[PDB]
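Here's the structure, in structure tokens; my notes come after.
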Amino acid sequence: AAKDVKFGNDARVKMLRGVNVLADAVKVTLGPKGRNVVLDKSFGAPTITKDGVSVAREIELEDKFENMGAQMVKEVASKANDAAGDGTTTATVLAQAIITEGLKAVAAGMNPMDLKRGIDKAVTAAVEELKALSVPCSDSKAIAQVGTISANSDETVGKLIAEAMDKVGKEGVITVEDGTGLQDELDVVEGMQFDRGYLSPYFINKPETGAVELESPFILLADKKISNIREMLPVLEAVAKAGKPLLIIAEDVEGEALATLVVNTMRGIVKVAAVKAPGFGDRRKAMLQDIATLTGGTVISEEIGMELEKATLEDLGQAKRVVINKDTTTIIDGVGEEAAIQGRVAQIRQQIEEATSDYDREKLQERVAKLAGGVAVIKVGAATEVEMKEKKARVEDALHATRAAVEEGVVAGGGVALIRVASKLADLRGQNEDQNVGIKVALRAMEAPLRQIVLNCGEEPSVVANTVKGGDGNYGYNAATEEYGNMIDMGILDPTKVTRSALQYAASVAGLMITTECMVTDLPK
Amino acid sequence: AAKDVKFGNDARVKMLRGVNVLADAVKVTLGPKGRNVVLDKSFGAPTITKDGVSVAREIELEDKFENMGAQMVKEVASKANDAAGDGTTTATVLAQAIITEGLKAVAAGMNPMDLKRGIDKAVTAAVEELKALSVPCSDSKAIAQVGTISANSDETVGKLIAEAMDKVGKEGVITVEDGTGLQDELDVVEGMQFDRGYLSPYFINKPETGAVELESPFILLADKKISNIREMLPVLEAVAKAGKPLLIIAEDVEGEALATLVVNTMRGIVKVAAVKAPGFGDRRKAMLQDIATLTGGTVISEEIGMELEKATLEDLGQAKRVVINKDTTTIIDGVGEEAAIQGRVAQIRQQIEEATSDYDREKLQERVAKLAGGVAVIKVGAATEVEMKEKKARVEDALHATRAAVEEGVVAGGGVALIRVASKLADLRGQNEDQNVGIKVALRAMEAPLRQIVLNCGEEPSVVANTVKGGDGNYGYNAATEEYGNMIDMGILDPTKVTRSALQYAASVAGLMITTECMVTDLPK
Amino acid sequence: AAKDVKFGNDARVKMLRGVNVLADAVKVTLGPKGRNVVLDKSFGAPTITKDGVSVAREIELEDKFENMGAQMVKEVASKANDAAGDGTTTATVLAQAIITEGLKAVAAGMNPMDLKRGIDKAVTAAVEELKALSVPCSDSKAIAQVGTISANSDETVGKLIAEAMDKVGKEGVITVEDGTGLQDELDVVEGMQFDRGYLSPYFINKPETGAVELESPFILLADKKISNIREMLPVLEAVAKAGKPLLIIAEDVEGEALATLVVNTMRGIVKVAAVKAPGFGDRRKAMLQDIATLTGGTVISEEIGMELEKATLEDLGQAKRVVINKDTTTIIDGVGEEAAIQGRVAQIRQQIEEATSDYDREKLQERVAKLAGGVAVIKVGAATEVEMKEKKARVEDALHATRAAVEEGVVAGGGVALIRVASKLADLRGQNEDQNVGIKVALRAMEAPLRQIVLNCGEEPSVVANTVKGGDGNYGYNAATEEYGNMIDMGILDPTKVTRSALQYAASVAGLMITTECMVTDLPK
Ligand SMILES: Nc1ncnc2c1ncn2[C@@H]1O[C@H](COP(=O)(O)OP(=O)(O)OP(O)(O)=S)[C@@H](O)[C@H]1O
Ligand SMILES: Nc1ncnc2c1ncn2[C@@H]1O[C@H](COP(=O)(O)OP(=O)(O)OP(O)(O)=S)[C@@H](O)[C@H]1O
Ligand SMILES: Nc1ncnc2c1ncn2[C@@H]1O[C@H](COP(=O)(O)OP(=O)(O)OP(O)(O)=S)[C@@H](O)[C@H]1O
């Protein structure tokens with residue numbers, strides 16, 4: 001239809017208003033002293049939440065221009081949340097700071113492209129500087145410490161994460177569900193993890209988590225493009241007779257199949273989920289064979305000649321559980337015999353031995369790693385179900401933070417990492433005045449998180465920020481106790497990966513917003 | 001859709017207006033001299049009630065922000081009602097007082113978080129002070145007295161509840177039914193009680209009471225989740241042939257099952273209500289076996305291999321009547337033979353003997369307690385049906401108040417307990433000026449119930465409050481007779497539990513509301 | 001009446017709008033290719049002028065705040081005009097450029113005071129750079145050249161002014177009148193020069209010239225502060241009998257005295273003007289005695305004991321013509337006998353000889369200089385009266401430009417002096433980022449005059465400015481012939497005192513207006 005076009009400074013001020021609204025709403029909740037934000041619910045009492053993700057998710061604006069500016073900032077912040085699993089409001093605060101200052105400079109007649117270049121130079125220098133500040137978190141002691149800190153200062157969860165990491169390995173797989181007993185337990189069983197997301201969001205049976213949980217499902221294996229609904233009617237009838245949930249592994253699923261599966265799930269007769277095939281090409285076929293070995297299933301490929309119509313329940317694979325993250329999968333305790341798994345591992349090991357290509361050898365090495373290490377499973381232990389769910393959530397987020405710290409490292413949190421790298425990069429200069437201004441904008445915007453935390457605490461942000469800058473090393477402000485001190489000693493730690501991702505994504509969105517003039521949208525109707 | 005966002009002081013004033021409206025509407029009906037409140041009935045004459053619960057339930061405003069604030073206060077007040085049984089209007093009055101004073105202080109630039117900390121410290125000291133002031137109510141004489149006072153000064157109900165408590169036990173199960181003869185009767189038979197709530201409010205066949213009553217129903221004992229309606233279609237055919245209502249106890253039911261059961265109940269062909277299974281894991285199965293032994297039913301579990309499709313009426317359990325409270329269940333006189341009942345009791349007794357874990361032994365002990373003590377049945381006795389209903393309601397609310405007093409204790413009522421606690425804590429001080437102001441706000445808000453009661457009586461609230469404060473012990477104001485005196489001599493008594501719950505929940509909602517800035521809601525349309 | 005107060009950024013934008021309006025209106029007429037501007041005349045046809053002063057004088061805006069901004073810029077531009085004589089539009093263009101860029105920077109969040117400091121540092125460096133670039137104009141050849149260039153390329157007036165200044169002296173005083181014959185005439189006669197302005201503008205009998213012309217007037221000479229009108233009634237009667245205009249030398253006059261003189265001049269019976277006494281103190285008395293010697297008058301002083309009431313026509317002095325200026329005064333051919341003039345000159349010469357104080361000796365030296373050099377009179381010569389007026393105006397403005405060039409020097413005009421200065425000062429840096437920005441604002445605003453001239457010519461200003469910057473020395477753009485070349489060779493020359501004053505005053509107003517927060521006015525009524 002017709003579309004209103006606003007280009008020039010008016011577009012920029014609309015975008016600025018939108019990012020301002022979203023950033024205020026979401027930054028009010030940053031830190032331990034984050035002030036509550038109450039979101040209206042359609043039916044029943046409103047929810048109260050200091051979680052930045054929820055308040056950001058529930059933000060849409062009336063007028064299209066500032067609404068889409070807010071949507072851009074929200075999308076990049078959610079991307080940052082997906083990258084590291086944390087640091088959403090930090091990313092949005094860094095965004096709001098950089099966009100505000102950069103758009104002020106652009107209104108000041110500066111060249112937007114040079115500002116973009118200066119901000120990019122500043123942020124890459126800050127990223128490598130943070131990598132210089134990073135403290136390794138390889139020892140199990142720091143693993144337990146960060147697990148404790150992430151989960152509201154609980155030592156048991158940190159201990160559990162430490163033991164799981166010791167058992168399954170540094171880069172293994174860790175999952176958590178509920179346990180029957182009051183005591184936490186640990187076990188390791190052959191499993192899986194390949195990075196593929198669900199085809200449609202509607203497969204989520206528990207929206208609050210964002211994944212699915214199929215207790216004892218079948219699993220299908222297919223190297224063939226899902227073309228017609230007629231191909232999987234026999235398996236649908238079989239699974240309906242079985243009264244048991246089902247999963248689908250396919251090369252790709254067509255939109256008509258998307259509509260059919262969504263309709264079937266809404267009907268509730270069959271609980272079917274589908275996910276993209278992992279890997280690619282002959283590697284994809286080999287790992288599909290690995291999954292068939294795991295679950296006792298069989299790969300149905302057109303080249304072989306078999307068809308999805310000729311599929312019996314015996315041909316289908318099985319597992320005792322499966323969870324699909326938004327961009328990852330995990331099957332646990334494949335029914336397939338362990339002797340066959342060992343044989344397949346040995347076969348791929350000789351494939352590694354004969355391998356000459358470096359990247360193919362890396363693919364084979366990670367294939368044997370994921371096929372032999374399996375998955376470590378955690379079961380939470382307490383008395384009542386409310387504490388089951390809350391402690392399960394604590395374990396989940398602590399595991400996310402701990403793995404993020406293991407991947408890259410851990411730096412003194414509380415927003416002092418950014419302060420320290422900013423003070424380090426005080427002498428950075430670009431190729432002209434505009435690039436220098438952009439660099440200074442980035443540097444002064446990287447002080448935003450600490451200032452916001454202090455403002456939420458109620459103290460004067462400028463005084464605390466100046467005091468923190470005066471100190472050196474990890475000297476910083478404690479929001480909880482309102483006392484200065486070595487941030488690492490008091491346990492306030494934030495994974496280097498989360499801060500790096502938040503900073504980089506905020507810089508990316510801010511640079512992309514600074515260099516925008518035209519903005520086409522539907523008419524207000 | 002688009003969402004209007006209001007953050008800052010305007011959010012606070014909107015929420016203050018909403019709580020003011022709800023608090024006025026519900027506090028006008030506090031105490032014995034509560035003024036009547038009139039509400040719409042869509043068809044017919046309006047209803048008239050001094051009951052705070054109804055007037056609070058029917059309040060929800062037109063503009064979104066104050067509406068949602070009123071919804072917060074209403075939700076917390078209803079939570080207090082569910083926890084204790086009464087004290088809803090007291091909770092809302094305390095919440096209004098604390099909100100008004102706290103927001104007035106926050107407008108004065110005081111730190112919201114410190115105010116919340118001060119209020120929390122004050123209310124914790126207040127709660128332990130109430131526990132200090134608590135008077136035990138273990139004697140049957142005070143049990144009868146509180147039962148009499150709760151039920152509009154009726155001694156017969158106090159006598160009945162005293163006899164029932166003596167017969168079954170202190171922490172037994174008490175139930176009230178309708179009797180044939182004018183004389184009141186009492187009989188105790190093997191029964192059940194586990195704390196689980198209904199899946200959907202639509203199961204409620206009697207909305208005014210909040211539960212359901214099934215005369216001589218079947219009960220379907222299950223162990224797995226409900227995946228398809230096909231699993232219990234033969235059960236539905238059997239219960240339709242029987243023409244007698246049915247209940248479902250199972251691990252869980254899903255959304256399509258809820259829709260199916262709601263549609264079936266609206267049809268009226270089958271009267272079916274489902275409830276979540278009790279316990280957790282192995283003890284869940286143990287108490288399911290206990291239910292099987294009570295009702296003569298059989299546990300259906302996929303692990304055993306049994307399926308819901310092959311369900312026969314003989315396999316179904318039975319009872320002579322069933323009532324499911326909003327968050328509790330009771331089955332009375334399970335048809336199952338009593339012999340197996342004491343066999344199971346003895347078995348679990350030896351399980352207690354061999355038990356080494358303390359909490360598992362506690363679960364086994366409460367299991368044998370609930371399996372041996374059974375349920376008390378107290379059928380009301382009078383001439384006509386109108387007095388049947390009103391006296392049944394009186395027995396219900398008197399039972400709630402009496403058990404609440406038994407659990408914790410009983411303190412001087414009329415709002416004097418809070419006055420005495422506030423006077424005791426007059427010297428409490430926090431860590432700075434803001435926490436001190438918060439503590440003083442809580443303390444001066446503790447005088448709201450007595451002041452409101454006196455204002456409803458039409459006297460001068462400040463004069464009566466000052467006179468009560470001048471006195472010591474339990475010296476207070478008898479609203480009914482408009483004369484001072486020892487509040488316990490004339491029997492005006494409040495359970496410690498209800499006052500404690502009201503105070504704590506008012507403090508909690510006040511802490512959440514004081515520290516709120518952002519408020520997102522749909523546009524006014 | 002009440003007063004509307006506007007402080008903050010809205011004040012800056014209001015002032016910016018006002019100065020933008022004034023600057024556009026007045027800058028359209030800059031340079032030789034200045035576009036015509038049409039003003040409005042209350043009665044008759046509109047006037048048409050390319051003169052910047054005329055268009056600026058007639059601009060005041062309906063909105064009060066814009067009007068205050070415009071009036072500030074107009075005041076400082078008129079002050080710049082008064083300092084040198086020509087360069088009003090250049091001053092306004094510089095002021096507009098600096099104001100626009102500086103207020104844009106202030107909106108960019110930079111410190112106004114540091115911006116003002118940077119601009120002041122830049123303009124001081126620019127002023128000393130102009131003094132470096134200055135070329136002496138002592139030779140009569142360049143004097144005739146600049147006289148020709150100022151007077152629309154007329155060589156005769158350049159010749160005349162050269163001869164006159166050779167006759168009198170470098171720092172002499174030059175005057176122009178109308179001659180009976182078509183041939184130009186020149187003569188030197190004993191005269192006077194002291195710097196004092198008219199007490200009220202209403203004394204101006206010729207508003208288009210801003211001065212008074214009294215043919216053969218009497219001159220009063222008084223050292224006493226005017227007190228009452230009765231003191232000069234007898235002299236007023238005497239001069240009314242004489243039927244001749246009068247001029248008054250007095251220590252000072254008050255409100256009622258000047259009001260009565262204004263009333264009398266409006267009546268037209270007596271055409272009397274009054275000017276403040278020159279200098280100060282015993283020097284004032286000594287050169288009042290010099291004036292008495294010049295005109296044959298007498299000093300009337302209370303200390304001597306003589307009063308203004310006792311004043312005969314013989315006591316009054318005489319001259320053959322007198323002209324007042326806004327801040328200057330000259331009397332020509334005092335009737336006083338030349339022998340007395342020589343005697344007084346000798347007396348003050350011996351006073352110089354005995355003088356020991358350096359500054360008193362300087363006053364004595366300039367006193368003898370003005371008492372011996374006298375005045376120059378240049379009678380313009382042509383046929384008709386219209387060319388009489390236009391050539392007299394040409395002589396006046398050429399004389400102003402030539403004396404301005406003689407005082408300080410002459411630099412390559414056409415706006416390239418400032419271009420070269422800005423290019424020279426490209427490496428100047430302040431004490432921080434804000435001062436650096438202010439310096440760059442001043443430097444980029446120095447290019448405004450040439451850009452505006454080129455834009456008036458219709459060419460692309462950026463291209464011509466870049467070409468001129470590329471060249472070095474006095475290479476520049478000729479607006480009239482639209483071809484590049486050497487300014488000195490092409491005769492486009494500007495006094496170094498006309499450009500310095502414009503630049504300094506533009507910088508002064510820009511600094512004074514950048515650091516303006518609050519701005520009160522009267523209500524719009
Ligand atoms: N008590 C504390 N005092 C100071 N800084 C803290 C404290 N607790 C956490 N942080 C820091 O807060 C940053 C993360 O922001 P928070 O909102 O507090 O936590 P979060 O779980 O990351 O929430 P978001 O919305 O994802 S940023 C990290 O740099 C932590 O080191
Ligand atoms: N005769 C009395 N004199 C003084 N106070 C009384 C008297 N009778 C009851 N009260 C008090 O009045 C309050 C009763 O409040 P209600 O009007 O029943 O509402 P509520 O108990 O706060 O909550 P609900 O859900 O409405 S019962 C309690 O604090 C009693 O202690
Ligand atoms: N032929 C020319 N080529 C280029 N520039 C010229 C030429 N003739 C004059 N100029 C410049 O044009 C400007 C003359 O400006 P004007 O229009 O006279 O206003 P102004 O001199 O700034 O002030 P006033 O009071 O109006 S005279 C000076 O900067 C001259 O150096």
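Residue numbering restarts at 1 for every chain of the structure tokens, chains are lettered A, B, ... in their displayed order, and ligands are numbered from 1 as they appear.
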
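Residues of protein or nucleic acid lying within 6 Å of ligand 1, counting only C-alpha atoms and all ligand atoms, are residues 30, 31, 32, 51, 52, 86, 87, 88, 89, 90, 413, 414, 415, 478, 479, 480, 492, 493 and 494 of chain A.
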
*For region 224-236 of chain C, work out the shell of residues within 7 Å, counting only C-alpha atoms and skipping chain neighbours fewer than 2 positions away, then give it as JSON, numbers by chain.*
{"C": [222, 238, 239, 240, 250, 251, 252, 253, 254, 257, 301, 302, 308, 309, 311]}

_On all C-alpha atoms matched in order, how well does chain A superpose onto chain C? Give the RMSD in Å._
0.2 Å

*Enumerate as a VMD selection string all residues of region 178-396 of chain C assigned to alpha helix (DSSP H) by DSSP on the backbone, naming them with the chain letters and numbers the document uses.*
chain C and resid 233 to 242 255 to 267 281 to 295 338 to 354 358 to 373 385 to 396

With a cut-off of 8 Å, could you pull out the residues of chain C touching chain A and give me the nearest pair of atoms for each, distance in Å to one decimal, using only C-alpha atoms, ordered by chain and ascending number, as CSV?
residue,atom,partner,partner_atom,distance
C:104,CA,A:108,CA,5.6
C:105,CA,A:108,CA,5.9
C:107,CA,A:108,CA,7.2
C:108,CA,A:108,CA,5.4
C:109,CA,A:104,CA,7.9

Just write the chosen residues, N, CA and C atoms, as a compact mmCIF listing (two decimals), in the first residue's frame.
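Contents of part.txt, freshly written:
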# COMPACT_ATOMS: atom_id res chain seq x y z
N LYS C 104 25.53 25.78 16.75
CA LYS C 104 25.43 24.37 16.38
C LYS C 104 26.32 23.52 17.29
N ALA C 105 27.54 23.97 17.54
CA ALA C 105 28.43 23.25 18.45
C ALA C 105 27.87 23.22 19.87
N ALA C 107 24.75 23.28 20.72
CA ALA C 107 23.74 22.24 20.66
C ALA C 107 24.38 20.86 20.64
N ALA C 108 25.60 20.74 20.12
CA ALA C 108 26.34 19.49 20.14
C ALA C 108 26.86 19.12 21.52
N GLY C 109 26.57 19.91 22.55
CA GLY C 109 26.95 19.58 23.90
C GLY C 109 28.31 20.06 24.34

_When you look at residue 467 (chain A) with a cut-off of 10 Å (counting only C-alpha atoms), what residues show up, excluding the ones that are within fewer than 4 positions of it in the same chain? I need them as JSON, numbers by chain._
{"A": [461, 462, 463, 471, 475, 476, 477, 484]}

Serialized selection, C-alpha atoms, as a CSV table (one decimal), in the first residue's frame:
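Once everything was written out, this is part.csv:
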chain,number,residue,atom,x,y,z
A,461,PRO,CA,26.7,8.4,39.0
A,462,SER,CA,29.3,11.0,38.1
A,463,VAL,CA,31.0,10.8,41.5
A,471,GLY,CA,41.5,3.8,40.7
A,475,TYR,CA,39.1,-1.4,41.7
A,476,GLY,CA,35.4,-0.7,41.4
A,477,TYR,CA,32.0,0.0,43.0
A,484,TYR,CA,34.3,0.2,46.8

*asked:* If we count only C-alpha atoms and set the cut-off at 12 Å, which residues sit around residue 360 (chain B), ignoring sequence neighbours fewer than 6 positions away in its own chain? Please answer as a PyMOL selection string.
replied: (chain A and resi 181-183+382-383) or (chain B and resi 279-280+282-283+286+348+351-354+366-367)

Requested write-out: C-alpha atoms of the selected residues, as a PDB file, in the first residue's frame:
ATOM      1  CA  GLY A 181      14.893 -36.931  44.953  1.00  0.00           C
ATOM      2  CA  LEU A 182      15.875 -34.019  47.158  1.00  0.00           C
ATOM      3  CA  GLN A 183      19.558 -34.715  46.412  1.00  0.00           C
ATOM      4  CA  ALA A 382      14.894 -30.044  46.734  1.00  0.00           C
ATOM      5  CA  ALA A 383      11.488 -30.557  48.369  1.00  0.00           C
TER       6      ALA A 383
ATOM      7  CA  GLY B 279       3.716 -35.664  45.767  1.00  0.00           C
ATOM      8  CA  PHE B 280       6.688 -36.022  43.454  1.00  0.00           C
ATOM      9  CA  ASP B 282       8.354 -42.279  43.925  1.00  0.00           C
ATOM     10  CA  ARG B 283       6.306 -40.809  46.769  1.00  0.00           C
ATOM     11  CA  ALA B 286       3.221 -44.221  46.782  1.00  0.00           C
ATOM     12  CA  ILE B 348       3.976 -47.472  55.433  1.00  0.00           C
ATOM     13  CA  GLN B 351       8.596 -48.008  55.913  1.00  0.00           C
ATOM     14  CA  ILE B 352       8.808 -45.272  58.560  1.00  0.00           C
ATOM     15  CA  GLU B 353      10.620 -47.684  60.877  1.00  0.00           C
ATOM     16  CA  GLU B 354      13.260 -48.510  58.256  1.00  0.00           C
ATOM     17  CA  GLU B 366       2.347 -37.454  57.312  1.00  0.00           C
ATOM     18  CA  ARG B 367       1.274 -40.157  54.846  1.00  0.00           C
TER      19      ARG B 367
END

Any idea what's packed within 7 Å of region 418-427 of chain C, counting only C-alpha atoms, ignoring anything in its chain fewer than 3 positions away? Could you give it as a CSV table (one decimal) with N, CA and C atoms, in the first residue's frame?
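So the final result, stored in result-v4.csv, reads:
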chain,number,residue,atom,x,y,z
C,126,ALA,N,44.5,35.7,14.4
C,126,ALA,CA,44.2,36.3,13.1
C,126,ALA,C,44.5,37.7,12.9
C,129,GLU,N,48.1,38.2,12.5
C,129,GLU,CA,48.4,37.7,11.2
C,129,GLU,C,48.1,38.7,10.1
C,130,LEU,N,47.0,39.4,10.3
C,130,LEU,CA,46.6,40.5,9.4
C,130,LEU,C,47.7,41.6,9.4
C,415,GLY,N,38.0,39.6,0.1
C,415,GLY,CA,37.9,38.5,1.1
C,415,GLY,C,39.0,37.5,1.1
C,443,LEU,N,38.0,29.8,12.1
C,443,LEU,CA,38.7,29.7,10.9
C,443,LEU,C,37.8,29.4,9.7
C,446,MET,N,36.0,32.5,8.7
C,446,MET,CA,36.7,33.5,8.0
C,446,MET,C,36.5,33.4,6.5
C,447,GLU,N,36.1,32.3,6.0
C,447,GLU,CA,35.9,32.1,4.6
C,447,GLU,C,34.5,32.6,4.1
C,469,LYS,N,42.1,29.2,-2.1
C,469,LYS,CA,42.9,28.5,-1.1
C,469,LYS,C,44.1,27.8,-1.7

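For the atom pair formed by CA of residue 515 (chain A) and CA of residue 501 (chain A), the distance is 21.5 Å, given to one decimal.
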
Please provide as an mmCIF file with C-alpha atoms, in the first residue's frame all residues within 7 Å of residue 157 (chain A), with the sequence filter that same-chain residues fewer than 3 positions apart are discarded (counting only C-alpha atoms).
data_model
loop_
_atom_site.group_PDB
_atom_site.id
_atom_site.type_symbol
_atom_site.label_atom_id
_atom_site.label_comp_id
_atom_site.auth_asym_id
_atom_site.auth_seq_id
_atom_site.Cartn_x
_atom_site.Cartn_y
_atom_site.Cartn_z
ATOM 1 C CA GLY A 147 28.433 -20.528 38.814
ATOM 2 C CA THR A 148 27.698 -19.426 42.374
ATOM 3 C CA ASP A 154 24.319 -20.519 45.542
ATOM 4 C CA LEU A 160 27.362 -29.163 40.250
ATOM 5 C CA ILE A 161 28.494 -27.204 37.195
ATOM 6 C CA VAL A 395 21.112 -23.815 37.089
#

_All strand (DSSP E or B) residues (DSSP, backbone) inside region 300-436 of chain B, as a list in words_ =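 For region 300-436 of chain B, the strand (DSSP E or B) set is residues 300, 317, 318, 319, 320, 321, 322, 323, 324, 325, 328, 329, 330, 331, 332, 333, 334, 375, 376, 377, 378, 379, 380, 410, 411 and 412 of chain B.
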
Please dump the current selection as a tab-separated table (two decimals), in the first residue's frame; keep C-alpha atoms.
chain	number	residue	atom	x	y	z
B	300	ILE	CA	-2.42	-46.77	35.53
B	317	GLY	CA	-12.15	-46.03	42.11
B	318	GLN	CA	-15.13	-44.61	43.97
B	319	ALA	CA	-16.12	-42.47	46.94
B	320	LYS	CA	-19.41	-41.35	48.44
B	321	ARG	CA	-18.64	-37.66	47.89
B	322	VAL	CA	-15.73	-35.47	46.75
B	323	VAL	CA	-14.91	-31.78	47.19
B	324	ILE	CA	-11.93	-30.01	45.59
B	325	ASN	CA	-11.07	-26.66	47.12
B	328	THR	CA	-6.85	-28.70	47.96
B	329	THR	CA	-8.64	-32.01	47.41
B	330	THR	CA	-10.68	-34.27	49.69
B	331	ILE	CA	-12.29	-37.65	49.01
B	332	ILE	CA	-14.57	-39.02	51.73
B	333	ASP	CA	-15.29	-42.71	52.39
B	334	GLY	CA	-13.33	-44.38	49.64
B	375	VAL	CA	-11.75	-36.88	57.51
B	376	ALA	CA	-14.33	-35.33	59.82
B	377	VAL	CA	-17.87	-34.76	58.54
B	378	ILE	CA	-20.11	-32.25	60.32
B	379	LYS	CA	-23.55	-32.04	58.75
B	380	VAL	CA	-25.35	-28.88	59.83
B	410	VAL	CA	-4.42	-15.75	68.56
B	411	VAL	CA	-3.83	-12.10	69.46
B	412	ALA	CA	-6.10	-9.26	70.53

*Rank nothing, just name the residue among C:428, C:1, C:509, C:490 nearest to ligand 3, using only C-alpha atoms and all ligand atoms.*
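Residue with the minimum atom-to-atom distance to ligand 3: C:490.
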
*Contacts of residue 65 (chain A) at 9 Å (only C-alpha atoms; same-chain gap of 2+ positions) as a list in words*: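 In the requested form, the answer reads residues 6, 11, 14, 15, 18, 61, 62, 63, 67, 68, 69, 70, 519, 520 and 521 of chain A.
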
Prev. selection, N, CA, C and O atoms, output as a short mmCIF file (atom, residue, chain, number, x, y, z; two decimals), in the first residue's frame:
data_model
loop_
_atom_site.label_atom_id
_atom_site.label_comp_id
_atom_site.auth_asym_id
_atom_site.auth_seq_id
_atom_site.Cartn_x
_atom_site.Cartn_y
_atom_site.Cartn_z
N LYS A 6 10.00 9.44 5.26
CA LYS A 6 10.62 10.52 6.01
C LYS A 6 12.12 10.34 5.94
O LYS A 6 12.65 9.33 6.41
N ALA A 11 13.87 11.99 10.28
CA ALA A 11 13.99 10.55 10.47
C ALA A 11 14.87 10.24 11.67
O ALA A 11 14.51 9.41 12.51
N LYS A 14 13.14 10.91 14.98
CA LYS A 14 12.16 9.86 15.25
C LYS A 14 12.85 8.61 15.80
O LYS A 14 12.43 8.04 16.82
N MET A 15 13.93 8.18 15.13
CA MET A 15 14.68 7.02 15.61
C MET A 15 15.19 7.25 17.02
O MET A 15 15.18 6.34 17.86
N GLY A 18 12.53 6.78 19.59
CA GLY A 18 12.20 5.37 19.81
C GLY A 18 13.24 4.65 20.64
O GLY A 18 12.90 3.92 21.59
N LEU A 61 5.77 0.67 19.89
CA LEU A 61 5.38 2.06 19.99
C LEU A 61 4.31 2.39 18.95
O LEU A 61 4.17 1.72 17.93
N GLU A 62 3.55 3.45 19.24
CA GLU A 62 2.37 3.76 18.46
C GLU A 62 2.72 4.26 17.05
O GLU A 62 2.16 3.76 16.07
N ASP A 63 3.63 5.22 16.94
CA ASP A 63 3.98 5.82 15.66
C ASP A 63 5.09 5.01 15.01
O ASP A 63 6.04 4.58 15.67
N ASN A 67 8.80 3.58 16.44
CA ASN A 67 8.56 2.17 16.70
C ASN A 67 9.61 1.30 16.03
O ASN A 67 10.15 0.38 16.64
N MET A 68 9.93 1.58 14.76
CA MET A 68 10.92 0.74 14.09
C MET A 68 12.32 1.03 14.59
O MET A 68 13.16 0.12 14.61
N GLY A 69 12.62 2.26 14.99
CA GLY A 69 13.90 2.50 15.65
C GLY A 69 14.05 1.64 16.89
O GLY A 69 15.08 0.97 17.09
N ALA A 70 13.01 1.61 17.72
CA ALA A 70 13.01 0.76 18.90
C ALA A 70 13.13 -0.71 18.51
O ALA A 70 13.81 -1.48 19.19
N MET A 519 13.53 6.49 5.46
CA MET A 519 12.81 5.56 6.32
C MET A 519 11.39 5.45 5.78
O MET A 519 10.57 6.33 6.02
N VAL A 520 11.11 4.38 5.06
CA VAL A 520 9.81 4.18 4.45
C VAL A 520 8.97 3.29 5.36
O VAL A 520 9.46 2.33 5.95
N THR A 521 7.69 3.63 5.48
CA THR A 521 6.78 2.91 6.37
C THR A 521 5.36 3.08 5.85
O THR A 521 5.08 3.98 5.06
#

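Closest approach to residue 75 (chain C) from the set C:92, C:175, C:54, C:456 is made by C:92, with distances taken over only C-alpha atoms.
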
*Could you state the separation of CA of residue 191 (chain A) and CA of residue 371 (chain A) in Å, given to one decimal place?*
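Here the two named atoms are 7.4 Å from each other.
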
*Would you work out the distance separating CA of residue 294 (chain B) from CA of residue 407 (chain B), expressed in Å to one decimal?*
27.6 Å
